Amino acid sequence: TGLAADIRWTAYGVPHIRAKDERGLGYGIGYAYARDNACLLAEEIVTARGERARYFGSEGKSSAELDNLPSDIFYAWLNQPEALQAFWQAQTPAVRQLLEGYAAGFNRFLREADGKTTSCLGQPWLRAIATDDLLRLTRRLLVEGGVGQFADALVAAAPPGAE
């Protein structure tokens, strides 16, 4: 609560979010983004949570074209609870509020959605999101120029046998 946003959309579905604080601003962002891209975010959160194989089995790939299971291993390693928690505790109040609003706004759209702009309505993986999920997305983007480019290489790193 204490979450309020004013949203204007201009041509082509461009949102203009006005609010009195970061929390309301987040709220508007997440609501507007969910209207256009709920399924994308849900899919990418699944990826970033390392839950691809759980929903889709080992035969599929993420949108970065990694096999589900190696992808899951990488993201489960990347986004361990302590990494998330340390990351959260380092955030400024303003950023925390931005993220809280966003999660809340995304979930509000999910509560109300009737399929008008959401093709994955009903899927078990389209779920309410939490701030940790946005931290998971953030960290996935953070390492895109580093260990992210070696996700497969990390999963493959196993010690030698008797050779």
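One-based numbering along the sequence shown.
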{"item": "Average Cα temperature factor in the PDB entry - higher stretch of 123-131, 45-53", "value": "123-131"}
{"item": "Selected stretch [higher average CA B-factor]: 54-62 or 100-108", "value": "54-62"}
{"item": "Relative C-alpha B-factor of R140, binned into the chain's lowest, middle or highest third", "value": "lowest"}
{"item": "Modelled-residue ranking by C-alpha temperature factor, third containing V14", "value": "middle"}
{"item": "Record-listed C-alpha B factor of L40: chain third", "value": "lowest"}
{"item": "Third of the chain, ranked by Cα B-factor, where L78 sits", "value": "middle"}
{"item": "CA B-factor placement of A113, once the chain's modelled residues are sorted into thirds", "value": "highest"}
